[PDB]
Structures are given as C-alpha cells and as structure tokens.
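Encoded as structure tokens, the structure appears first; notes follow it.
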RNA sequence: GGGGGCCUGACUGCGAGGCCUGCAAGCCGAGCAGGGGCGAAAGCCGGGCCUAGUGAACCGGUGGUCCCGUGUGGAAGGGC
RNA sequence: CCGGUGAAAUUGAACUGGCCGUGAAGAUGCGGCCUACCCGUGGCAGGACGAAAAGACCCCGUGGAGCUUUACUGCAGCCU
RNA sequence: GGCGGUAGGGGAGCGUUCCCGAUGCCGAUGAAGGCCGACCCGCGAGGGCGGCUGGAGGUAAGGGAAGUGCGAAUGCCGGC
RNA sequence: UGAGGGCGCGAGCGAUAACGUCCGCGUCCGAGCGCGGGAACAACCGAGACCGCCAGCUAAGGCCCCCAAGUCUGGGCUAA
RNA sequence: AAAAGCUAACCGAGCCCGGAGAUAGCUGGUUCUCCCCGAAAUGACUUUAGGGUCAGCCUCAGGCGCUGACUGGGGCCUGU
RNA sequence: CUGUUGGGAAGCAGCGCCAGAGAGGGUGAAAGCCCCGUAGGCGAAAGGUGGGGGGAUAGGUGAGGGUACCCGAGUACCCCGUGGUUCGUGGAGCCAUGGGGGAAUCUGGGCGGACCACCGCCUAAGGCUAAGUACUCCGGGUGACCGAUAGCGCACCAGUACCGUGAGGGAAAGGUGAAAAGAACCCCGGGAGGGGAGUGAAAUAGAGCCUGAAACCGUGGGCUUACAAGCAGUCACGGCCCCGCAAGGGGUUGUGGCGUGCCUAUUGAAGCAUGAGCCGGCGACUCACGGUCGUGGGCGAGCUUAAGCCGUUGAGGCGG
RNA sequence: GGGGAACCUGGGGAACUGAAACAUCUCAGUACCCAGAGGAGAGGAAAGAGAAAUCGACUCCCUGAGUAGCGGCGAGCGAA
RNA sequence: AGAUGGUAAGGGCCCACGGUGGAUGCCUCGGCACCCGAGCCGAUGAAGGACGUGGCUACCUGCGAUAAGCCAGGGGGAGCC
Ligand SMILES: [Mg+2]
Ligand SMILES: [Mg+2]
Ligand SMILES: [Mg+2]
Ligand SMILES: [Mg+2]
Ligand SMILES: [Mg+2]
Ligand SMILES: [Mg+2]
Ligand SMILES: [Mg+2]
Ligand SMILES: [Mg+2]
Ligand SMILES: [Mg+2]
Ligand SMILES: [Mg+2]
Ligand SMILES: [Mg+2]
Ligand SMILES: [Mg+2]
Ligand SMILES: [Mg+2]
Ligand SMILES: [Mg+2]
Ligand SMILES: [Mg+2]
Ligand SMILES: [Mg+2]
Ligand SMILES: [Mg+2]
Ligand SMILES: [Mg+2]
Ligand SMILES: [Mg+2]
C-alpha cells in the first residue's frame, strides 16, 4: 500500500458533538434547557435533593480501621487446578507466578475441579476435599513452615 | 491552529441581500432585517401557492355562473345536469369557452336541462 | 505492524536485500552507478537501510532516497517511499525483532 | 484527577461478584424496646436494591 | 364480648409466596428443626379484633462472643 | 426671517388616521365602518402605556451589609 | 405503509485554520481575496462556470488536529 | 420534564357571581400563533400541513352584494 | 458642637493591586444544513417550593416474539 | 550557459554539473550550481570555565590483653498547653517545644503507635558536604503557535500619549513602489487642492500611498407616485424600460387575492413583558487525570507498561 | 549594606469558597507581608526505617496508592 | 354628457460612477510556548536614572567632562565618520 489510501475502517471516526449551531444541535447546547445549568448539579452520585441521600444504611461491616492501619499477614490465594494440567512436574510457586497466577500474592494454596495429572504440586496448603482428589494421583509435600 | 471567521460570515449576508432585492429601504440592505422579511415571504409564498387555485377555482365559477345565467339558469342548476350526465371532463377552467367559441358551451347547457326536468 | 509493511513490498516484489556495494565508501557518485547496475532509475521513490554511515552520505543528498538507520523502521517512511532496500546488518535485528 | 473512592460507602457497602450491590439492613440499634421479634431477623441480614446501586458503584470503582 | 383454670409462643434459628410502593421502608404469612405451654385428642401458640400510639444514619453506655488485636506474650481499642 | 459654525438623549423597521368591537382582553398595525390631495413651517401637549437609574412600592434568594440582644460560638479586656 | 412539530435522542452531511500527502502539482498565458450573473451540480449547509478588480501565493482524491460556522447577551472595538 | 393553560362534564370553596381557585375523566393549545367557518378571536367547529400542479370529492359552515354558492320548490309563522 | 455627616465630585465602612475566572439554585447570550422519532408541567421526598434525587412520559443499540392497547364472551370486586 | 514570453525569471525549453552541501533566506516572479550559507573541516594573543584527564598538598593507615577515665545539659525523661505526620483526644505513640519538676556515661540512653516483660534497630541534645531536583531576565535550536480586533499591554519612540494628588490604570496606530526614479515645469488659485506634461510595468500604486467589503452620503440613468389607509411582503394579470432566437428572461408596479416584524422568558401573544440604531470584526462545551457504556483494532490464560537507559534528530528499541 | 523575571529555606498568615445554611473541617500554611541563601535552594551520614536474628546518609521520577488510614466519619483530606 | 391621459416639488425600487470608512486575503524587524545551555551583579560603587556630549542636532542610539569616544592585542580586508 502506498503512503495515502490507508484510511481507517468504518464506524470509528469521531465527529464529536458540536452544539453551537442553528438546527444541528440546539441553541441550548444539548443536555440543557430548564435552568440551574452552567456550573454543575453538585454530584448526582452521593447527593442531591438535600433530604438524607441514601447514606441512611448501616455500616456494620466492621474492622473499619485503627491507627497504624493494615497489618502484614500474608495473603493466602488459591488456584484452581483446571489448567494445572497445562504443564507438569515439580510445580512450585516460583514458576506459578511465571505462568500467570498468584502474582506475588504469594502463599499458594491449591484447590478446584477436574482430573489432576498425578503431577506432584508443591505449595503452602491444599483444600481437603481436593487433597484426596489428589491422593489418587501422586505426592504433595508441604511448604516450609510459618 | 486558529481559524478566524473571515470569508464565511460575509458571503452569507450577501445571499440574503441577493434575495432581498427591491425591498424597501433597510429591508434590503440591512442584513438582519433582510433575514426577517425573507421568513415571511417563504411563508407568504407557501400559503399562496396553496391559495392560487382557490383564487382561480373561485374565478372560473363566476364566469361559468355568468354564462349559465345568460341562458336563463343558475350555476347550481347548471352543474347538476353535467354531473347527471356523468362528465368528469369539465375542469372548471376549461369551462372558459364563453369567449372560446360559445356554441361549444352553449350546447353544453341544453345537455343539462335534460336530466332533471 | 513492522512485519505487515515489509511483506507488502515483498508481496509486490518492491524489495531488495543487499550485501555487495561499489559504494562502500563516501561519494554520491559512488552509489548512483551502483543503483544503475542494480535497478533504480529515478522513476520511483526508495527507502534505504544500512549500518554503514558511508552509503548514507552517498545518498543523504538524494531527493528520492531518504536515509534510515537499521533500527527505527518507521512504518511511516516505509509506506512513504514507493520501494524499499535493506541489508543483512538490518536483517539480523529485524530478525531479532521477529524472524 | 485520579478519582477518590468513598470510604463512607466502603464501610457501608460491599460489591458482590455479579455487579450487584448489597448492604446491611436498616433499623436494628434503636427501636428495639421490644418490637416484633420477627423484625429483629430480616434486619440482621443483608439486602440488595435496584436503581440507586449504580449511584453507589460509581462512588467506588478502583475497589 | 363477660367469668375460671393451667401457662409465658410479647420463644430461638430460618422462612416460600405475596399487598403497597420511586428509594428506604411498612405489612401479612403457610412450612421445618431445638425446646416448651394448653388440651383426653383434632389442634392452637412467632402478643393484644383491626386500622394510630412512632425515628434512617452518625456518636457514645451496658452484657455476652470460636473474632481482630501491629516483632512476640498479656494488656488497651476495635468487631459480631 | 437671513449669513457663518453646529451637538444630544432616543431609535428593530415604517408607507404611523378616527370610531365601534375582539384580542393576556389600554390597537396607527386584527374585523367592519367613516374620514383623508403630496410636502412643509409656527405653535399646544391627549396618545405612542413614551427615555429610564435595573420604580422611590411589594415579594423571592437556604444574597450582602450596618445596627440590637439574657440567639449561638469564639476573642480582646477584666477578675481569678 | 409513514414522513406538522418545542425541550430531548440517533444518523447523515457542507464550510473554515493547520499537518501527512510535497524536494508534488496549479500559478506571470495572473493565486488567495473582493465586485457581479437571469449559467450548472446539490433538496441542503455548499461546490464548479463566464465577466471585472487585485497582484503571489494556493493545494485534489484518502487520513489527521481544531482557538472552527453568529442575529441579538441595555455583548466589546471601530466606523457611520 | 417535574410553574402549565383552555373547553365539555362530576363535585368542594365562592354569593346555585367572578375571562376566580383546588380536584377527577377526556379533549385540545403548549409542541399545531400552519389552513377553512366563527367579522376579528391559541385551544368553539372541521381537519394532522413532506414538496409541486391555473385538477376533481368533501367536513364545519354557508348560497342577494364586498363574498365563491338557489333572490330554489312546497307548507306554516311574525309587523316589532 | 453628632446628620452616620466628612475622610479627594455617589462613604452604614475610601482608593488601588492582588486571592480572582470568589459565589450565584438568578437574568441573558449560546453561531452551519438535511432525515427519523418525539415528550413532560404527574407522584414521593427535600429549610422543600424558580431548585434537586427516584419512579413516570422520550430517543437509540442489542436480546425477546402476540402478549400489546381496544372489543366480544365467562367469572369476580365496587356501594356514588 | 543559452534561447523565449514577461518591466523584471529563479518561470518555460534544450544541453549539462556538484554532490558528506537537495535545509533556509535574498535577488524585479518559483534558483541545489547569482549572493550569504547548509554537509564536512580548521581555528584565539586575552579573559572565563571546568564537569574529563594529570601533579602536588590537606587529611587517613595494626592487633590482643588491663585499667575503671570520656563520650555534646535545664539536655534526656514526666506533666500542662501546642504544631507536624493522613492522627479533628481518639486506644494516640513518634518528632519539635512555650511553661513547671529534673537524670546518667555503655552496670549508661532513645525506639519498634498507651503501658509492662522479652526480643530486635538506633547511640540523640555540634556543625559541614558536590552530584542527581525546580526556574527562565539571558543565548541557541524547535513548532499540525498567532498573524495587526490575533499573538504579552507595545511588531511602530509603550509601560509612551491620556486619566488620577496618589499608589495605580493604560490604549490606538504596520504595509506606495524592487528601485524615490516622489512629480521639473506650465495653468486656475491667497494657499490648500486640483488639470496637463513627465518617471514608473502599472499613478485606476500619489506619500495614512497593497487588497478594498458593509453600514453612511451624493450625481446620472430605466420604472412609479399628488382619491389614498400601509410588518411594507406574497400570489395573479396587465403596463413601462431593457436582454434575448421561436418561445423565454431581467428590473419596476397599477389594479385585485391574502397577509398581526425577530429573539428570549412566558400557559399565553401582533402587543402595553427582555433585548437590539446599523454595519463590520473578537466572542461562548475544548483540555488533563480517573471511570461507566458503546464501538475499531492487538493478543488471547493471559493482556500491558511507568519513570528511566542506547541512537539519527520529527527513527525506534530495551525497560515487567 | 542594595538590586535581581521566576525558582528555594525560615518567620508570620488570612477570608471569599465548599460543606447546596453554617461554627469543627475545607480552600491551606495557598495568595500576601518579612528576613535571607545562588546559580541553584533545602535536606543529608541513623538516638533512621520496619519484621527478615533484614535494608543501610540525603534528594529526585515511577509504582505502591487514592492502598492503609483521617474525618460535624459530612463535605472531603491524604501517608509510609 | 361621458371616457381617457397627462406635471414631480420630492420620494420609493433598481443599474452605473465615486466620497468616508476600514473587514477580509497576502507579508512580518513581533510575540507565544518546548528542549538544551548558561546563570548572579555591587563599597574597584551595582540595577535604574538625571544632565551633557555632535560643525549644524529635535528624538533615538552610543558614550561620559578624554564624552556618537581613548589605548594594546586578535579576526577581517575597501571602504568609513
Ligand atoms: Mg465546532
Ligand atoms: Mg429540533
Ligand atoms: Mg445556573
Ligand atoms: Mg438523595
Ligand atoms: Mg480444591
Ligand atoms: Mg373546485
Ligand atoms: Mg362560457
Ligand atoms: Mg405614530
Ligand atoms: Mg442581619
Ligand atoms: Mg490561507
Ligand atoms: Mg376566521
Ligand atoms: Mg398525508
Ligand atoms: Mg354570488
Ligand atoms: Mg464610621
Ligand atoms: Mg511578446
Ligand atoms: Mg496589538
Ligand atoms: Mg483595547
Ligand atoms: Mg455583525
Ligand atoms: Mg544573569
């Protein structure tokens, strides 16, 4: 293809809205008409009316914070073995991040659904009702400790 | 990339002048006056192009009425016979044969006094 | 996008890898005869790639031939020019990109 | 720039896993001088809503 | 509706399906388990013949709770 | 009246009659009817709801500002 | 079969300024702009054509970026 | 968008006044101040206007003149 | 020497520069063309009544396909 | 280089040349090769710089055992007010402290979010320290930045004229021609201003001298108007003058038909509700970041970078 | 010793505004006043961080991160 | 009896020709921003300014009682005040 004639496809050009005209868009600039319109209508999300919002809900969802804030206990993240059959061997968190899971959430636990290739998976924990689902396969050593 | 007005705003005011030709005083040289009286025209011309028939629709009848009453009968009594004769011809204009040879129309009259009396 | 355009000249044949040069040194005259003995008669435009800063000189003043280092194969200039030329010194990085 | 979440809504609401929004039920720490023991049950359980949840969704969004 | 007896179902854990209705609410409710009251049993009991007699949310007191509790162990505060 | 010099507010545009009705209902401007050669000049002020400073009047604004107080909170100062 | 239409919604287009298209092309045998016209294309906003003036820049087809299209705001500048 | 308005009707207020108001049904103006009758007359009557034509059928309403259409036929009525 | 008078021609708080493009639920303006559809002035809440959130009524795109308005027949509810 | 239009050639045609230089600007119009210059290369007696190299100097260079010496004072620490850290007294630490109480020398002293025990980090109350970082009066390069109402207020004798005592406010205004070659001279006339001749390619480029619109003023010509009631127009016919070929077309209007200016707010207009004397220009939904929906393209259990690092200078690649 | 367009450190330090009123809060230690340091300024060699019997002076960009947290827990504020 | 032109003081409509006025189009010793560089000056008197200075000089510019300027070195080579 030469330099010109490489136009776009279709359904993609901008032609944005130009509401300063005389029969295209209206002489009130689109979504305006009544009044109280030049700056803003406050935030139509959490507010407006001036009644009581809908913040009238109760926030029991506790442990809403202290002072030093969060605390460093490790995030246990699980992983469904459905695609653990994509590979095989002494699979370790070391590469499970390289595959496309965990992502330094760290502390890998295995669980899930499906046939498991008797592939000996080393991790930090295993779901019981899946561990016998592994017991009919191979071997599963545990993490270091805590 | 600035894009001043320039050509655009003038040429338009020249077109309104172009249609405001012969309009009294400021109504043809002052722009936003010429804009106005053009609004009424296109409206005045609209309605009247709907009206020009009713004008002639009326005129024809009087001439017709002028003719029938020169035989001795009214327009109301004239038309019925023609209609009784079932003659979807008479375009109320084409009944202008009162100075376009009359016997052609004078003997349309007697073909009316038939089917009614 | 780098690949697509290269085959576009291959798909039309408008391609050439080179390696031999009567103009391995600096002279615009020491090139246009090379083009004569290769097939570029000033009819249509050309992009050129080489890792030698001498040949560039030998054509940096060529209106229908724009310089290009082996790296920034800008798809602009590729599609810009109506024909393409490149070298192995390119066809190892273009390969190390994809190949 | 960089929209600020609404911690006054985080502490109150939890975003589901089908996009729905669910809050604890209202009316359980004031009116309880003995009224319907029935009521102290369908108010200790979470409930979902309708239109206004999208008014809430947009108050979160990075979370 | 007027009397007498025995009782505490003015229970707990749920709760299908629905009236009204913009939201929040408000309102009725069969069915099951734990345990109990009455009645010989069928059965009834999740307040009063009903429709009014009430207050989102924020903040804080009191009693329990396998909870969280900052390097760790108690503690302080928080959470249900 | 003649010679010389020569502004202003106002102004959408005008070829600007009266009367009796209509009409958000005070019509040169709509309907009907009557009157009226074109154009000035001197003057009078009934109309053009006349020019408004955004009426000197009343009301509104979760406006302003001055003043008052055993309205609220703070401060100087004063006692302690 | 439908096509009156305000707020409002969707779709489609015309014009201006600039960039790729360009070391390209049109331009002294006259460009942009300004006076015309009863010619032609388009329903359109617009694009071409003949004449006059002017005297040096202007840029197609397809893409891109906008300080982008005026009839009013007792809008502002200037002129009358 | 959340000020509506008119008319017919069923109520309340009002004086079985208000071209006054608050409701319900429906209609129309607003958005149909675009056409025809109502002299004039936004919502009373007819009738939804995409454009053109010097073509025909009609509704309301009208047929002596402005004003298009019977001084139409028969039968009564009234002398203001 | 007291009117709230005067403080550089308008003093219930001087003038200038700045915060500064303060704020304004208020007024007014909001610019080119053509096609299709096409409303609302209702209800609830609101220091709420010119404003604002939700439902209602509108437009567009996708997934549904006789259900939809209206009528006829059968049943039921109604207490002017 | 020549030839040919052209007042003028860089244009057009032919024949060539350079190229590490074909980026630009100027020359009577559009030049790679007429001019300055660009590619590339050389360069200062003097001042400065120094950030790269080198010399010198400042400074610095061992361990084991014992000793019972010293390790930064109203300081540490505690309380009463307080500020900073996201900490609005909150469970409220830590850092600094205005007031008050007031230590110790490694058998010591602070900290790890009240407090205590252990465990771990630190050794305060003396000071100094380049680099990496912000800015643009200045210089350079660059621009999908403007082009005389724009761009800062000033392209120009502008922070001027002008206003105000004063701080302070603060404009308007560019364009002959390539060359002044700028009108000798004659005539009207007091001059100004004009006629002619002349220069000039052009004076219809005349010194507010490129283009010259619109409002506004006037002269000439075609149509009309002194029995007529008017948002000033529309429709029809005739009439007058003009263009044109049949036929048709332009401009005007006498008569007849109808005809309640525009915008805005209003339920509501023709309106006695807002606004505009007119004209011409400036003037009003863009941008940044995050996010919901839609769509176009890339990959697809994956998808993707940010700061930054190498390189021509309108090239990209790494960077997980 | 004074000047220097902005940049930098310290001493003081608002209110409009937001909260659709408004006092805690925000705007913000911003704008403004003062003193001073130069081509940069400030900071700068742990009585540090923070959980590993680990990092190692200080500044600067990215991410962490609108996380943890702060809040008439309301607007909204905002680390390491 | 009747019918009918017929004059324009002036106006309106239009075409032509100009006057003011300056938009639009073209040009730019001007500014706007980005990146780099560079970054202080003064008691040896600074930044800024007053007055003067020329053969004649009104303003600008430069300069300073030696005054549109002095001295030495370096660049350059036909004009200059
Ligand atoms: Mg636009
Ligand atoms: Mg519309
Ligand atoms: Mg407003
Ligand atoms: Mg609300
Ligand atoms: Mg499992
Ligand atoms: Mg007819
Ligand atoms: Mg006849
Ligand atoms: Mg009058
Ligand atoms: Mg008061
Ligand atoms: Mg242009
Ligand atoms: Mg009528
Ligand atoms: Mg139809
Ligand atoms: Mg008749
Ligand atoms: Mg006073
Ligand atoms: Mg010739
Ligand atoms: Mg200017
Ligand atoms: Mg000005
Ligand atoms: Mg204008
Ligand atoms: Mg300097």
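Here, each number is a calculation from the coordinates, and none is a lab measurement. Every residue, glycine among them, receives a Cβ derived from its backbone with ideal geometry; neighbour counts consider all protein chains shown.
Using the Cβ-Cβ distance between residue D:34 and residue A:12 with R0 set to 51 Å, the FRET efficiency from 1/(1 + (r/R0)^6) comes to roughly 0.15.
Between the helical axis of B:7-19 and the longest alpha-carbon principal axis of chain B there is an angle of about 30 degrees. Helix B:31-71 sits at what angle to the longest principal axis of chain B, using alpha carbons and giving 0 to 90 degrees rounded to 10? The answer is roughly 10 degrees.
Run lengths n ≥ 4 of DSSP H only: what is the helix-derived mean residue ellipticity at 222 nm for chain D, with -39500 (n - 2.57) per run over all residues, to the nearest 500? Estimated from H runs of four or more residues: -4000 deg cm²/dmol. Building the convex hull from the alpha-carbon atoms of the range B:1-112 and averaging its projection over directions returns 12.4 nm².
Calculated mean residue ellipticity at 222 nm for chain A: -2500 deg cm²/dmol, from DSSP H runs with n ≥ 4 weighted as -39500 (n - 2.57), summed, divided by the residue count and rounded to 500.
Dividing the C-alpha radius of gyration of the protein assembly as shown by 2.2 N^0.38 Å, with N its residue count, gives 2.05. Along its three principal directions, the equivalent ellipsoid of the range A:82-122 from the Cα gyration tensor extends over semi-axes of 17, 11, 9 Å, largest first. Report, in degrees rounded to the nearest 10, the 0 to 90 angle that the Cα long axis of helix C:2-11 makes with the longest principal axis of chain C. Its long axis makes an angle of about 70 degrees.
Partner shielding of C:72-85 amounts to 1, given as the average count of beta-carbon atoms from other chains within 10 Å of each residue beta-carbon. Taking each pair of distinct Cα atoms in the range A:45-146 once, what is the resulting Kirkwood hydrodynamic radius in Å? By the Kirkwood definition, the hydrodynamic radius is 16.7 Å. Note on chain B: helix-only mean residue ellipticity at 222 nm, from DSSP H runs of 4+ residues weighted -39500 (n - 2.57) and normalised by residue number, equals -21000 deg cm²/dmol. The relative contact order of chain B comes to 18 percent, based on Cα pairs under 8 Å that sit 6 or more residues apart. Per the Debye formula on identical point scatterers at the alpha carbon atoms of chain D, with no solvent, log10 I(q)/I(0) at q = 0.28 Å⁻¹ is -1.19. Comparing B:44, B:75, B:23 in a Gaussian network model of chain B, where Cα atoms under 10 Å apart are tied by springs, the biggest mean-square fluctuation is seen for B:23. In the elastic network of chain A, a GNM with C-alpha springs shorter than 10 Å, the most mobile of A:130, A:85, A:27 is A:27.
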